[PDB]
Structure formats: structure tokens, C-alpha cells
Amino acid sequence: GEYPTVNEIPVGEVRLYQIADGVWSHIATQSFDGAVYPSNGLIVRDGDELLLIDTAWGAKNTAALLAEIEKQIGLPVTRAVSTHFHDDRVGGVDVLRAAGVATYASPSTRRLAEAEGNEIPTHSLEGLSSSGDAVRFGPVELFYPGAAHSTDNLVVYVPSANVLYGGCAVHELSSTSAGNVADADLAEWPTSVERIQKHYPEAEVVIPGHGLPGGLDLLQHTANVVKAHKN
Ligand SMILES: NS(=O)(=O)c1c(C(F)(F)F)ccc(-c2ccc(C3CCNCC3)cc2)c1-c1nnn[nH]1
Ligand SMILES: [Zn+2]
Ligand SMILES: [Zn+2]
């Protein structure tokens, strides 16, 4: 009931929301094709450091995110992972890299970001090119579920907290439309959701790329949203 909504966050401000011990989401807003949308990422405590998942969608938002983390948490962000190549995930990577954060993404995401003219994470994450692949990265597991919202989309699990961050492959419960599907695989998306459901059956919190966290029901809801879009 306290998660911040789009009309509560002016463009350029970032909120943090405590999900579990050592796990936060970050929430920002951005204008795109003349409409404002909220967007989520993740922060995970990594001893006396933090791991960031996704930018706050833009250079100014990402600078505000680092300032909010400094104020609220006070531990340095040392690494960041972007979960796909679009601007709500990589826009702000240059700000992170100037702030000394080591930025990472799969080779699939890096090639697509490059081709798109988007910012490119520095380092390549091998071991994620096949659907069902999983790799450990600090306090999280990165999982490639297969093509869904994009061909390169990753999801992130925090085993200590049973938190699943789905990024843009997972929609919030109130969603009635599939968002930007220009780079999506609408036929594979339900199968990729099924793989996530099978691999993370103990997830307690599921965080979508945009909107409110909930439970495991966000996964089936997302498959349903995608099916309604398809027909
Ligand atoms: N990642 S993206 O590329 O495709 C994207 C961008 C971007 F800036 F980054 F260019 C801008 C806006 C959106 C966007 C995000 C959410 C919605 C809908 C909002 C109401 N409930 C159903 C979903 C519509 C659009 C999206 C997006 N994310 N997930 N689905 N679409
Ligand atoms: Zn996207
Ligand atoms: Zn998105």
C-alpha cells in the first residue's frame, strides 16, 4: 500500500523502497513519447558494498539514484547489471561508469544496445546465452529465461530473501496491455514465464519492471496480458 506510484514521483527524483533485509527497489519516472511512466530497478547489499540492477532510466535520474543511495544506505555501489538493452535499463550507464561503478550485461544485451545507439555496459556476462542458464553474480543469481519482452531479457533472484526481480519481462497485476512489444517474442514469452515459474517456485516477492511488486501471481498474469495482446 506504500509503494510509490507514477503521479507521486516527479521526473528527475528517485525513491527507494525496502523489499527485505538488504534488498531495495529503486523507483524513477521518465517521459517517453509524450507520456510519463514509472520504472523499477533493484539494489542488493553485497557485504559492505551494493550491487545495482538496472539504471533509473536516464542520466539525470541515474545521478539522482546514486545520491539517494548515498543518503539512505551509505554503502558504495560497486557493480551494476543491466537486464536488457533498452533505455530504461542502460540509460544512465555512462553516469554509473563515471562514478566508478563497474557495469555489466550479457553479450546479447551489449550488441543490441550498440546497434540501438544506447549506452553500453563495460563488461560482458558469459554463461547466459541459452534459455534456462543461471550464473551467480555477488549476492544474486542471474537467469536467462528465454525471449520474452526482448530476446536478451534477464531476471534476477536474491536467494537470501526469495526476491525475484523480473524486469520488463514481468508486468504488474494492474496491467491491461503489454507495453512496448517492438522487440518482444510474443509466442515465446509464456514459455519463458513458465521457465521462471519452474526455476523460482519459492519466490515470495516478484518485482515487475514497471509498477507494483506482488507475489508469484505476477508471472501468470504476465502470460495472460501477453496472450490478450496476441489476439
Ligand atoms: N523497455 S522499453 O524500451 O520497452 C520501454 C521504454 C523505453 F524507454 F525503454 F524505451 C519506454 C516505455 C515503456 C513502457 C513501460 C510500461 C508500459 C505500460 C504501462 C501500463 N501497464 C502496461 C505497461 C508502456 C511502455 C517501455 C517498456 N518496458 N516494458 N514494456 N514496455
Ligand atoms: Zn524494454
Ligand atoms: Zn521497461
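Residues numbered from 1 in each chain as written, not as in the entry; some residues may be left out. Chains lettered and ligands numbered in written order. Heavy atoms only, no water. Residues with missing side-chain atoms left out of burial classes, pairs and counts.

- Structure determination for this entry is recorded as X-ray crystallography, at 1.1100 Å resolution.

## Structural notes on the coordination of the zinc ion (ligand 3)
- Taken together, the protein ligands of the zinc ion (ligand 3) are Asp88 (OD), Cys168 (SG) and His210 (NE2), with distances of 1.9 to 2.3 Å.
- Here the donor residues of the zinc ion (ligand 3) share one chain and are spaced in sequence as D-x79-C-x41-H.
- Separating the zinc ion (ligand 3) from the zinc ion (ligand 2) is a gap of 4.2 Å. You can see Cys168 sitting in the loop between β11 (163-167) and α5 (189-199) and its partner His210 sitting in the loop between β12 (205-208) and α6 (217-230), a full 42 residues away along the chain.
- Classification of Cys168 by relative accessible area gives buried; the value is 4%.
- Classification of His210 by relative accessible area gives partly exposed; the value is 22%. (Donors = N, O, S within 2.8 Å, 3.2 Å for Na, K, Ca; no water. Helix = DSSP H or I, 4+ residues; strand = E, 2+ residues; numbered from the N terminus. Buried < 20%, exposed > 50% of the residue type's maximum accessible area, 1.4 Å probe, protein only.)

## Observations concerning the UniProt feature "binding site: Zn(2+) 1" (unreviewed entry) in the protein
- UniProt marks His84, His86, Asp88 and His149 with the feature "binding site: Zn(2+) 1" (unreviewed entry), using the numbering shown here. Taking the farthest pair of C-alpha atoms as the criterion, the annotated set spanning 66 residues converges on one region, since that pair is 12.9 Å apart.
- For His86, the location among the structural elements is in the loop between β5 (77-81) and α2 (87-90).
- In this view, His86 contacts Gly91, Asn118, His149, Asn180 and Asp183; residues no more than four positions away in its chain are not counted.
- One can find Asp88 in helix α2.
- The contacts of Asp88, once residues within four sequence positions are left out, are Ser39, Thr55, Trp57, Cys168 and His210. (UniProt positions renumbered as here; feature names shortened; annotations may be inferred. Contact = heavy atoms within 4.5 Å.)

## Regarding the sheet that holds strand β8 (residues 134-137)
- If you walk across this open sheet you meet the five strands as β8-β9-β10-β11-β12, and the pairing is mixed. The open sheet terminates on both sides in strands that have one partner only, identified here as β8 and β12. Strand after strand, the sheet turns through a mean of 20° between neighbouring axes, direction not considered.
- On the sheet, α5 packs against β8, β9 (140-143), β10 (155-158) and β11 and is oriented at approximately 150° with respect to β9. (Pairing = 2+ DSSP bridges. Axes fitted to C-alpha atoms, helices over the stretch in contact; angles between N-to-C directions.)

## Looking at α6
- Along its 14 residues, α6 runs 20 Å from first to last C-alpha, staying within 8% of the 20 Å computed at 1.5 Å per residue.
- Every buried residue of α6 is listed here: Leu218, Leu219, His221, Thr222, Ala223, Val225 and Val226.
- Among the structural elements, β11, α5 and β12 are those in contact with the buried residues of α6. (Expected span 1.5 Å × (residues − 1).)

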